[PDB]
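Structure file start_35.cif with mmCIF, C-alpha atoms and all ligand atoms:
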```
data_final
loop_
_atom_site.label_atom_id
_atom_site.label_comp_id
_atom_site.auth_asym_id
_atom_site.auth_seq_id
_atom_site.Cartn_x
_atom_site.Cartn_y
_atom_site.Cartn_z
CA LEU T 4 18.25 -212.32 -146.55
CA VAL T 5 16.10 -212.54 -149.60
CA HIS T 6 12.37 -212.05 -149.49
CA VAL T 7 10.82 -213.12 -152.63
CA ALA T 8 7.29 -212.23 -153.41
CA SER T 9 5.06 -215.16 -153.88
CA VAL T 10 1.54 -214.65 -155.20
CA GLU T 11 -1.14 -216.30 -153.02
CA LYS T 12 -1.85 -219.55 -154.82
CA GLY T 13 -4.31 -218.95 -157.62
CA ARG T 14 -5.50 -215.47 -156.73
CA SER T 15 -5.92 -212.65 -159.16
CA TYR T 16 -6.73 -208.98 -159.18
CA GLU T 17 -10.42 -209.61 -158.74
CA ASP T 18 -9.63 -211.61 -155.67
CA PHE T 19 -7.71 -208.63 -154.34
CA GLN T 20 -10.33 -206.06 -155.24
CA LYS T 21 -12.77 -207.93 -152.99
CA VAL T 22 -10.59 -207.73 -149.95
CA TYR T 23 -10.21 -204.05 -150.72
CA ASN T 24 -13.94 -203.61 -151.08
CA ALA T 25 -14.49 -205.36 -147.79
CA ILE T 26 -12.17 -203.06 -145.95
CA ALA T 27 -13.59 -200.04 -147.60
CA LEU T 28 -17.13 -201.00 -146.80
CA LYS T 29 -16.20 -201.61 -143.25
CA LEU T 30 -14.57 -198.25 -143.13
CA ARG T 31 -17.81 -196.67 -144.21
CA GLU T 32 -19.81 -198.40 -141.65
CA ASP T 33 -17.57 -197.97 -138.57
CA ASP T 34 -17.51 -194.15 -138.74
CA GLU T 35 -17.92 -193.54 -135.00
CA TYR T 36 -14.38 -194.49 -134.14
CA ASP T 37 -12.10 -192.07 -132.34
CA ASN T 38 -15.00 -189.74 -132.12
CA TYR T 39 -16.04 -189.81 -135.68
CA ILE T 40 -12.61 -189.76 -137.31
CA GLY T 41 -13.10 -193.28 -138.52
CA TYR T 42 -10.43 -195.97 -138.85
CA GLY T 43 -8.74 -194.52 -141.92
CA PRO T 44 -5.87 -192.84 -140.11
CA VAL T 45 -5.11 -195.68 -137.84
CA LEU T 46 -4.88 -198.08 -140.80
CA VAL T 47 -2.54 -195.77 -142.54
CA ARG T 48 -0.38 -195.61 -139.44
CA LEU T 49 -0.50 -199.35 -139.06
CA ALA T 50 0.71 -199.92 -142.65
CA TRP T 51 3.56 -197.47 -142.00
CA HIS T 52 4.56 -199.18 -138.75
CA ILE T 53 4.78 -202.72 -140.06
CA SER T 54 6.91 -201.33 -142.83
CA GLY T 55 9.23 -198.92 -140.95
CA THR T 56 10.98 -201.61 -139.09
CA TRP T 57 13.00 -202.31 -142.19
CA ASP T 58 16.76 -202.27 -142.16
CA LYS T 59 18.30 -201.73 -145.57
CA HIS T 60 21.51 -202.95 -144.13
CA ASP T 61 20.61 -206.50 -143.34
CA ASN T 62 17.24 -206.67 -145.05
CA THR T 63 15.46 -207.58 -141.83
CA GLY T 64 12.07 -206.13 -140.90
CA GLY T 65 9.73 -204.44 -143.34
CA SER T 66 6.25 -205.53 -144.44
CA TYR T 67 7.07 -208.96 -145.87
CA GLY T 68 6.52 -211.31 -142.98
CA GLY T 69 3.54 -209.78 -141.14
CA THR T 70 5.46 -210.19 -137.96
CA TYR T 71 3.26 -207.55 -136.22
CA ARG T 72 1.05 -210.48 -135.63
CA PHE T 73 3.51 -211.67 -133.00
CA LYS T 74 3.76 -210.56 -129.38
CA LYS T 75 7.22 -208.87 -129.51
CA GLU T 76 6.22 -206.60 -132.40
CA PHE T 77 2.63 -206.34 -131.46
CA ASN T 78 3.54 -205.16 -127.96
CA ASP T 79 6.05 -202.63 -129.17
CA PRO T 80 5.49 -199.40 -127.29
CA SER T 81 5.87 -197.44 -130.48
CA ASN T 82 2.95 -199.48 -131.69
CA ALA T 83 0.68 -198.44 -128.85
CA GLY T 84 -2.81 -197.85 -130.24
CA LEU T 85 -2.30 -199.91 -133.39
CA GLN T 86 -4.20 -202.76 -131.84
CA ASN T 87 -7.38 -200.99 -132.86
CA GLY T 88 -6.51 -201.34 -136.54
CA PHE T 89 -5.58 -204.86 -136.02
CA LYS T 90 -8.92 -205.62 -134.45
CA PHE T 91 -10.54 -203.80 -137.32
CA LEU T 92 -8.90 -206.08 -139.84
CA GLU T 93 -9.36 -209.25 -137.92
CA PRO T 94 -12.77 -210.23 -139.25
CA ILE T 95 -11.74 -209.32 -142.69
CA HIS T 96 -8.97 -211.74 -142.49
CA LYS T 97 -11.45 -214.29 -141.29
CA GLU T 98 -13.51 -213.64 -144.39
CA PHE T 99 -10.47 -214.01 -146.58
CA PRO T 100 -8.16 -216.41 -144.87
CA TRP T 101 -5.95 -217.00 -147.92
CA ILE T 102 -4.45 -213.52 -147.87
CA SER T 103 -1.15 -213.13 -146.12
CA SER T 104 -0.90 -210.81 -143.13
CA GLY T 105 1.70 -208.63 -144.65
CA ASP T 106 -0.51 -208.35 -147.60
CA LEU T 107 -3.52 -207.46 -145.43
CA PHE T 108 -1.89 -204.84 -143.22
CA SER T 109 -0.50 -203.27 -146.21
CA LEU T 110 -3.68 -203.30 -148.25
CA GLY T 111 -5.55 -201.63 -145.36
CA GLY T 112 -3.24 -198.57 -145.57
CA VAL T 113 -3.78 -198.39 -149.35
CA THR T 114 -7.55 -198.69 -149.09
CA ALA T 115 -7.57 -196.09 -146.35
CA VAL T 116 -5.71 -193.57 -148.39
CA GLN T 117 -7.76 -194.09 -151.46
CA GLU T 118 -11.09 -194.11 -149.58
CA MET T 119 -10.13 -190.87 -147.76
CA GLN T 120 -9.78 -189.31 -151.10
CA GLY T 121 -6.03 -189.47 -151.42
CA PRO T 122 -4.26 -190.60 -154.58
CA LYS T 123 -4.26 -194.04 -156.05
CA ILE T 124 -1.35 -196.09 -154.67
CA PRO T 125 -0.30 -199.07 -156.77
CA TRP T 126 -0.03 -202.14 -154.66
CA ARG T 127 1.72 -205.50 -155.05
CA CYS T 128 0.71 -208.86 -153.51
CA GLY T 129 3.14 -211.62 -152.60
CA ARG T 130 4.19 -210.98 -149.01
CA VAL T 131 4.72 -214.15 -147.07
CA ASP T 132 4.17 -214.87 -143.46
CA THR T 133 7.43 -215.65 -141.68
CA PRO T 134 8.00 -217.38 -138.37
CA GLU T 135 7.96 -215.83 -134.96
CA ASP T 136 11.74 -215.65 -134.88
CA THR T 137 11.87 -213.26 -137.87
CA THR T 138 10.26 -210.63 -135.69
CA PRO T 139 12.49 -207.59 -135.43
CA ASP T 140 13.29 -206.25 -132.05
CA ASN T 141 11.59 -203.20 -130.65
CA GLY T 142 13.39 -199.89 -130.98
CA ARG T 143 13.31 -199.71 -134.73
CA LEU T 144 10.67 -196.95 -134.99
CA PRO T 145 11.38 -193.21 -134.80
CA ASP T 146 11.07 -191.01 -131.79
CA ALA T 147 9.22 -187.72 -132.03
CA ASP T 148 11.11 -185.38 -129.72
CA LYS T 149 13.90 -184.97 -132.25
CA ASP T 150 14.98 -182.79 -135.06
CA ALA T 151 15.62 -182.82 -138.80
CA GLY T 152 19.07 -184.32 -138.49
CA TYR T 153 17.62 -187.19 -136.63
CA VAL T 154 14.83 -187.51 -139.14
CA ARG T 155 17.15 -187.39 -142.09
CA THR T 156 19.45 -189.94 -140.61
CA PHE T 157 16.53 -192.06 -139.56
CA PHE T 158 14.89 -192.33 -142.97
CA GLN T 159 18.15 -193.13 -144.60
CA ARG T 160 17.95 -196.57 -143.03
CA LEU T 161 14.89 -197.06 -145.13
CA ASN T 162 16.37 -195.62 -148.24
CA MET T 163 14.26 -192.57 -148.28
CA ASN T 164 15.68 -189.27 -149.46
CA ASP T 165 14.49 -185.77 -148.57
CA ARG T 166 11.63 -185.53 -150.98
CA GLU T 167 10.39 -188.93 -149.88
CA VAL T 168 10.55 -188.01 -146.21
CA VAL T 169 8.62 -184.79 -146.72
CA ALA T 170 6.03 -186.46 -148.93
CA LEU T 171 5.45 -189.20 -146.43
CA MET T 172 5.11 -186.81 -143.53
CA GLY T 173 2.07 -185.12 -145.08
CA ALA T 174 0.15 -188.13 -143.76
CA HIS T 175 0.37 -186.29 -140.50
CA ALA T 176 -2.58 -184.29 -141.76
CA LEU T 177 -4.62 -187.31 -140.80
CA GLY T 178 -5.98 -188.41 -137.45
CA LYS T 179 -4.40 -187.22 -134.28
CA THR T 180 -2.15 -187.90 -131.32
CA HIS T 181 -3.49 -189.46 -128.19
CA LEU T 182 -1.94 -188.84 -124.87
CA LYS T 183 -2.40 -192.42 -123.77
CA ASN T 184 -0.63 -193.82 -126.79
CA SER T 185 2.36 -191.62 -127.34
CA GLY T 186 2.43 -188.89 -124.73
CA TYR T 187 1.18 -186.18 -127.19
CA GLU T 188 -2.25 -184.63 -127.51
CA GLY T 189 -4.12 -182.94 -130.36
CA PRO T 190 -5.38 -181.35 -132.56
CA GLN T 191 -7.47 -179.56 -129.90
CA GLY T 192 -10.09 -180.86 -132.02
CA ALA T 193 -11.51 -182.50 -133.72
CA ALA T 194 -9.86 -184.08 -136.64
CA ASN T 195 -9.18 -184.82 -140.22
CA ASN T 196 -9.93 -187.80 -142.34
CA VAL T 197 -9.75 -186.40 -145.71
CA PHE T 198 -6.44 -186.59 -147.46
CA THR T 199 -5.14 -183.17 -148.52
CA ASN T 200 -1.97 -181.03 -148.45
CA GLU T 201 -3.28 -179.44 -145.29
CA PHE T 202 -0.28 -180.56 -143.28
CA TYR T 203 2.02 -178.20 -145.19
CA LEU T 204 -0.33 -175.29 -145.11
CA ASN T 205 -0.64 -175.53 -141.38
CA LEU T 206 2.97 -175.76 -140.83
CA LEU T 207 3.60 -172.67 -142.91
CA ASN T 208 0.50 -170.73 -141.89
CA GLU T 209 0.01 -171.05 -138.17
CA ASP T 210 1.65 -169.28 -135.35
CA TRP T 211 3.05 -172.14 -133.40
CA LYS T 212 3.83 -172.02 -129.79
CA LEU T 213 6.18 -174.32 -127.96
CA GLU T 214 4.61 -175.78 -124.91
CA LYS T 215 4.89 -178.71 -122.61
CA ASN T 216 1.99 -181.12 -122.34
CA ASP T 217 0.43 -183.16 -119.57
CA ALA T 218 2.81 -185.99 -120.27
CA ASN T 219 5.70 -183.53 -119.77
CA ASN T 220 6.66 -183.48 -123.42
CA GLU T 221 7.02 -180.59 -125.71
CA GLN T 222 4.83 -179.86 -128.61
CA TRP T 223 3.98 -177.06 -130.96
CA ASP T 224 0.49 -175.82 -130.48
CA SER T 225 -1.29 -173.28 -132.52
CA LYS T 226 -4.06 -170.84 -131.67
CA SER T 227 -6.37 -172.54 -134.08
CA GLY T 228 -6.16 -175.57 -131.85
CA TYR T 229 -3.69 -177.53 -133.92
CA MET T 230 -0.49 -179.27 -132.94
CA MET T 231 2.72 -180.48 -134.44
CA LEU T 232 5.30 -182.89 -133.15
CA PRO T 233 8.85 -181.58 -132.85
CA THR T 234 9.79 -183.85 -135.69
CA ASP T 235 6.92 -182.36 -137.61
CA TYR T 236 8.03 -178.87 -136.82
CA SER T 237 11.58 -179.72 -137.80
CA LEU T 238 10.57 -179.80 -141.47
CA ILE T 239 10.51 -176.01 -141.28
CA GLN T 240 13.76 -175.62 -139.45
CA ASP T 241 15.64 -177.39 -142.22
CA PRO T 242 16.36 -175.44 -145.35
CA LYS T 243 16.16 -178.42 -147.54
CA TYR T 244 13.01 -179.73 -145.97
CA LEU T 245 11.38 -176.28 -146.00
CA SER T 246 11.49 -175.71 -149.74
CA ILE T 247 9.78 -179.04 -150.30
CA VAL T 248 7.14 -178.24 -147.69
CA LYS T 249 6.47 -175.01 -149.55
CA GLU T 250 6.21 -176.87 -152.75
CA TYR T 251 3.54 -179.16 -151.44
CA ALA T 252 1.72 -176.31 -149.76
CA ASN T 253 1.41 -174.88 -153.23
CA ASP T 254 0.62 -177.93 -155.25
CA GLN T 255 -1.53 -180.68 -153.99
CA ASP T 256 -1.08 -182.61 -157.23
CA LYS T 257 2.69 -182.63 -156.82
CA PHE T 258 2.16 -183.78 -153.31
CA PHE T 259 -0.19 -186.55 -154.26
CA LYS T 260 2.19 -188.00 -156.92
CA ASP T 261 5.15 -187.97 -154.71
CA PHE T 262 3.18 -189.39 -151.80
CA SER T 263 1.92 -192.20 -153.91
CA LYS T 264 5.35 -193.19 -155.14
CA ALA T 265 6.90 -192.93 -151.69
CA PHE T 266 4.19 -194.85 -150.01
CA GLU T 267 4.41 -197.76 -152.42
CA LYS T 268 8.14 -197.76 -152.04
CA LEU T 269 7.87 -197.76 -148.31
CA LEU T 270 5.60 -200.75 -148.46
CA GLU T 271 7.73 -202.62 -150.95
CA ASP T 272 10.99 -202.16 -149.17
CA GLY T 273 12.91 -205.38 -148.67
CA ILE T 274 10.92 -207.36 -151.13
CA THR T 275 12.08 -209.10 -154.20
CA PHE T 276 9.69 -209.37 -157.09
CA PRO T 277 10.27 -212.15 -159.58
CA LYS T 278 10.15 -211.34 -163.26
CA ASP T 279 7.12 -213.56 -163.60
CA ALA T 280 5.27 -211.40 -160.96
CA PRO T 281 2.08 -209.56 -161.92
CA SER T 282 2.24 -205.87 -162.23
CA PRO T 283 1.10 -203.79 -159.36
CA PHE T 284 -2.59 -203.39 -159.10
CA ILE T 285 -4.51 -200.13 -158.93
CA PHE T 286 -7.81 -200.80 -157.11
CA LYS T 287 -11.08 -199.05 -157.83
CA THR T 288 -12.69 -197.21 -155.01
CA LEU T 289 -16.17 -198.13 -153.80
CA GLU T 290 -17.39 -195.09 -155.44
CA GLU T 291 -15.82 -196.03 -158.71
CA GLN T 292 -17.58 -199.25 -158.49
CA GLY T 293 -20.88 -197.62 -157.65
CA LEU T 294 -21.01 -199.42 -154.27
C1 LIG T 301 9.40 -188.74 -137.84
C2 LIG T 301 8.62 -189.76 -138.17
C3 LIG T 301 7.30 -190.02 -137.44
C4 LIG T 301 7.03 -189.87 -136.14
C5 LIG T 301 8.00 -189.74 -134.96
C6 LIG T 301 5.61 -190.11 -135.97
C7 LIG T 301 5.10 -190.30 -134.72
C8 LIG T 301 3.73 -190.20 -134.72
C9 LIG T 301 3.02 -190.09 -133.47
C10 LIG T 301 3.73 -189.85 -132.12
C11 LIG T 301 1.73 -190.39 -133.73
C12 LIG T 301 0.48 -190.30 -132.80
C13 LIG T 301 0.15 -191.63 -132.10
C14 LIG T 301 -1.00 -191.65 -131.11
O1 LIG T 301 -0.88 -191.03 -130.02
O2 LIG T 301 -1.99 -192.40 -131.39
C15 LIG T 301 1.58 -190.31 -135.15
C16 LIG T 301 0.33 -190.44 -135.70
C17 LIG T 301 0.10 -190.87 -136.98
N1 LIG T 301 1.06 -191.30 -137.86
FE1 LIG T 301 3.06 -190.71 -137.57
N2 LIG T 301 5.09 -190.53 -137.16
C18 LIG T 301 6.06 -190.31 -138.12
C19 LIG T 301 5.92 -190.62 -139.46
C20 LIG T 301 4.74 -191.17 -139.95
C21 LIG T 301 4.56 -191.44 -141.36
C22 LIG T 301 5.67 -191.44 -142.43
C23 LIG T 301 3.30 -191.82 -141.52
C24 LIG T 301 2.62 -192.51 -142.70
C25 LIG T 301 2.78 -192.08 -143.94
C26 LIG T 301 2.58 -191.42 -140.33
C27 LIG T 301 1.21 -191.64 -140.21
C28 LIG T 301 0.48 -191.31 -139.10
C29 LIG T 301 -0.98 -191.26 -138.92
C30 LIG T 301 -1.99 -191.27 -140.08
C31 LIG T 301 -1.19 -190.88 -137.65
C32 LIG T 301 -2.50 -190.57 -136.89
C33 LIG T 301 -3.04 -191.86 -136.26
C34 LIG T 301 -4.32 -191.71 -135.50
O3 LIG T 301 -5.06 -190.73 -135.79
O4 LIG T 301 -4.48 -192.61 -134.64
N3 LIG T 301 3.48 -191.03 -139.37
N4 LIG T 301 2.84 -190.40 -135.75
#
```

Spell out the structure here as structure tokens.
Amino acid sequence: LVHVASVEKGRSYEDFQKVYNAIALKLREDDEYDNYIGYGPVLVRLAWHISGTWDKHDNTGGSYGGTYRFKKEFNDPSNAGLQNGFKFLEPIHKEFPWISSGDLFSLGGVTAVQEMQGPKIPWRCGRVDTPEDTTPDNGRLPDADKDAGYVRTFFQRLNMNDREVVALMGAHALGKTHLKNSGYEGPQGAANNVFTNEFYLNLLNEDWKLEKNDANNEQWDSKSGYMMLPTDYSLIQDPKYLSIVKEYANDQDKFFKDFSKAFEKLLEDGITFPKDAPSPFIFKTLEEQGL
């Protein structure tokens, strides 16, 4: 399988910046969502879920085809709750119907991060919508009641090493779990929607307690009212993971750089970029545009 990146016919940077601006502006305006968390987190999660279905073995899945748009994918239990981000993007797509889905879902995650004050993530256009049959089967996304071994092994399928895994996980500082979606609940609330290295600090700083929740699942709850998934917690049980966690807890800049690189990578997995392809774009935030 070869997925070659094909620039939307006749569009340039400026055309892309506009879609970005539209998402951003809508993010600003719809701030009531999930009790004032906003849609940032869910968009980030959505961009990670359309991309984490990738299989470096056979090159199937990944962000390329925008297959989330189909029933199979769309109704994937691990995707429970992502429909809200989809609905959020829907009108934007309507406004800019020439953008591919894969491009849209992915751009939302980028805009979200940048608008939530995270680092700039270079982004590449060119994803192409594939047919319904290219939709990966369910079961490709990671479970949360596991440990480091599982995690390590899991991410390998996506070509991510240890530093990449830890950098990517710091996105867990955003939003929250919802009992109805995944069977986990918390923070005890409420929540975060600024991008920072907070995830690491919490993990190292709190006094976590293992407890079962209303869905009959275990989770690590802290006195401060926070929570961590077992898989989250696992980054401190593993010696290799732990030193990286510590590193990020100490240097937000380090964390931002690595996150940036890993995120782009995650979103570009499985795609082939012709030589003639335009470089990746770095979009300006609203604020940088004075909007
Ligand atoms: C071991 C790997 C992972 C597991 C098992 C995990 C699983 C989870 C779970 C169970 C949810 C909460 C869903 C809900 O109830 O709405 C969550 C939330 C979230 N995921 Fe992850 N995830 C992992 C990795 C990722 C990564 C790498 C990213 C992106 C960089 C990420 C981004 C987020 C965001 C931002 C939220 C909060 C969403 C919201 O507030 O609705 N997660 N993840």

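Here the question is which of T:228, T:69, T:139, T:189 gets nearest to ligand LIG 301 (chain T) using only C-alpha atoms and all ligand atoms, and that residue is T:189.
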
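Every protein, DNA or RNA residue with an atom at most 12 Å from residue 77 (chain T), where all atoms listed in the file count and chain neighbours fewer than 2 positions away do not, is listed here: residues 49, 52, 53, 69, 70, 71, 72, 73, 74, 75, 79, 80, 81, 82, 83, 84, 85, 86, 87, 88, 89, 90, 135, 138, 139, 140 and 141 of chain T.
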
Nearest to ligand LIG 301 (chain T), restricted to only C-alpha atoms and all ligand atoms and choosing among T:154, T:247, T:269, T:115, comes out as T:154

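Taking CA of residue 42 (chain T) as the reference point, CA of residue 271 (chain T) is found at 22.8 Å.
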
Quick one: everything within 10 Å of region 277-290 of chain T, counting all atoms listed in the file, minus sequence neighbours fewer than 3 positions away in the same chain. Send it as a VMD selection string.
chain T and resid 7 to 10 15 to 17 19 to 21 23 to 25 27 to 28 31 113 to 114 117 to 120 123 to 129 267 274 293 to 294

Take the residues that were just selected and, keeping C-alpha atoms, output them as a compact mmCIF listing (two decimals), in the coordinates of the input.
```
# COMPACT_ATOMS: atom_id res chain seq x y z
CA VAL T 7 10.82 -213.12 -152.63
CA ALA T 8 7.29 -212.23 -153.41
CA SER T 9 5.06 -215.16 -153.88
CA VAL T 10 1.54 -214.65 -155.20
CA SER T 15 -5.92 -212.65 -159.16
CA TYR T 16 -6.73 -208.98 -159.18
CA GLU T 17 -10.42 -209.61 -158.74
CA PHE T 19 -7.71 -208.63 -154.34
CA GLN T 20 -10.33 -206.06 -155.24
CA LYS T 21 -12.77 -207.93 -152.99
CA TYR T 23 -10.21 -204.05 -150.72
CA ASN T 24 -13.94 -203.61 -151.08
CA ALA T 25 -14.49 -205.36 -147.79
CA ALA T 27 -13.59 -200.04 -147.60
CA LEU T 28 -17.13 -201.00 -146.80
CA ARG T 31 -17.81 -196.67 -144.21
CA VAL T 113 -3.78 -198.39 -149.35
CA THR T 114 -7.55 -198.69 -149.09
CA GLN T 117 -7.76 -194.09 -151.46
CA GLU T 118 -11.09 -194.11 -149.58
CA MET T 119 -10.13 -190.87 -147.76
CA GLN T 120 -9.78 -189.31 -151.10
CA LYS T 123 -4.26 -194.04 -156.05
CA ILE T 124 -1.35 -196.09 -154.67
CA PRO T 125 -0.30 -199.07 -156.77
CA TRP T 126 -0.03 -202.14 -154.66
CA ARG T 127 1.72 -205.50 -155.05
CA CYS T 128 0.71 -208.86 -153.51
CA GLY T 129 3.14 -211.62 -152.60
CA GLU T 267 4.41 -197.76 -152.42
CA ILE T 274 10.92 -207.36 -151.13
CA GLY T 293 -20.88 -197.62 -157.65
CA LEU T 294 -21.01 -199.42 -154.27
```

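Between CA of residue 38 (chain T) and atom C16 of ligand LIG 301 (chain T) the interatomic distance comes to 15.8 Å.
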
Calculate, to one decimal in Å, the centre and edge lengths of the box along x, y and z of the file that holds all listed atoms of ligand LIG 301 (chain T) with 3 Å of margin on each side, and present them as AutoDock Vina command-line options.
```
--center_x 2.2 --center_y -190.7 --center_z -137.0 --size_x 20.5 --size_y 9.9 --size_z 19.9
```

What's the 8 Å shell around region 213-227 of chain T, counting all atoms listed in the file, without same-chain residues fewer than 3 positions away, as a PyMOL selection string?
chain T and resi 148+182+186-188+209-210+230-233+236

Can you tell me, as a short mmCIF file (atom, residue, chain, number, x, y, z; two decimals) with C-alpha atoms, in the frame of the given file, what residues are no more than 12 Å from residue 204 (chain T) when counting all atoms listed in the file, ignoring any on the same chain fewer than 4 positions away?
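Output (part.cif):
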```
data_model
loop_
_atom_site.label_atom_id
_atom_site.label_comp_id
_atom_site.auth_asym_id
_atom_site.auth_seq_id
_atom_site.Cartn_x
_atom_site.Cartn_y
_atom_site.Cartn_z
CA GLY T 173 2.07 -185.12 -145.08
CA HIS T 175 0.37 -186.29 -140.50
CA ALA T 176 -2.58 -184.29 -141.76
CA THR T 199 -5.14 -183.17 -148.52
CA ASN T 200 -1.97 -181.03 -148.45
CA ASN T 208 0.50 -170.73 -141.89
CA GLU T 209 0.01 -171.05 -138.17
CA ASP T 210 1.65 -169.28 -135.35
CA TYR T 229 -3.69 -177.53 -133.92
CA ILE T 239 10.51 -176.01 -141.28
CA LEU T 245 11.38 -176.28 -146.00
CA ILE T 247 9.78 -179.04 -150.30
CA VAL T 248 7.14 -178.24 -147.69
CA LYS T 249 6.47 -175.01 -149.55
CA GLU T 250 6.21 -176.87 -152.75
CA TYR T 251 3.54 -179.16 -151.44
CA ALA T 252 1.72 -176.31 -149.76
CA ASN T 253 1.41 -174.88 -153.23
CA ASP T 254 0.62 -177.93 -155.25
CA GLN T 255 -1.53 -180.68 -153.99
#
```

Step by step: start from the point (14.9, -190.8, -151.3) in the file's coordinates, keep every protein, DNA or RNA residue that has an atom no farther than 12 Å from it, count all atoms listed in the file, and write the set as number ranges by chain.
T: 155-171, 261-262, 264-266, 268-269

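Proximity to residue 185 (chain T) was assessed for T:275, T:145, T:105, T:68 counting all atoms listed in the file; the smallest distance is recorded for T:145.
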
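We find CA of residue 76 (chain T) and CA of residue 95 (chain T) to be spaced 20.9 Å apart.
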
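Each of T:130, T:48, T:212, T:149 was compared to ligand LIG 301 (chain T) using all atoms listed in the file, and T:48 turns out to be the nearest.
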
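For the set T:205, T:56, T:133, T:104, the residue with the smallest atom-to-atom gap to ligand LIG 301 (chain T) is T:56, counting only C-alpha atoms and all ligand atoms.
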
Could I get region 6-32 of chain T from the block written out with C-alpha atoms, as a tab-separated table (two decimals), in the first residue's frame?
```
chain	number	residue	atom	x	y	z
T	6	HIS	CA	-0.42	6.56	0.12
T	7	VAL	CA	0.88	9.43	-1.76
T	8	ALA	CA	0.14	12.91	-0.66
T	9	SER	CA	-1.71	14.93	-3.18
T	10	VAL	CA	-2.17	18.65	-2.63
T	11	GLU	CA	-5.81	19.78	-2.94
T	12	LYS	CA	-6.02	21.14	-6.47
T	13	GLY	CA	-4.77	24.70	-6.53
T	14	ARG	CA	-4.68	25.45	-2.83
T	15	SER	CA	-1.88	27.18	-1.04
T	16	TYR	CA	-0.82	28.07	2.45
T	17	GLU	CA	-3.19	31.00	2.61
T	18	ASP	CA	-6.00	28.66	1.76
T	19	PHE	CA	-4.95	26.49	4.67
T	20	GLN	CA	-4.50	29.33	7.12
T	21	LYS	CA	-8.17	30.21	6.60
T	22	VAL	CA	-9.44	26.80	7.53
T	23	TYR	CA	-7.21	27.05	10.58
T	24	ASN	CA	-8.55	30.47	11.45
T	25	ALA	CA	-12.08	29.20	11.11
T	26	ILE	CA	-11.50	26.39	13.52
T	27	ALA	CA	-9.72	28.60	15.92
T	28	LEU	CA	-12.43	31.20	15.88
T	29	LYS	CA	-15.00	28.58	16.46
T	30	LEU	CA	-13.00	27.27	19.33
T	31	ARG	CA	-13.10	30.69	20.91
T	32	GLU	CA	-16.75	31.04	20.56
```
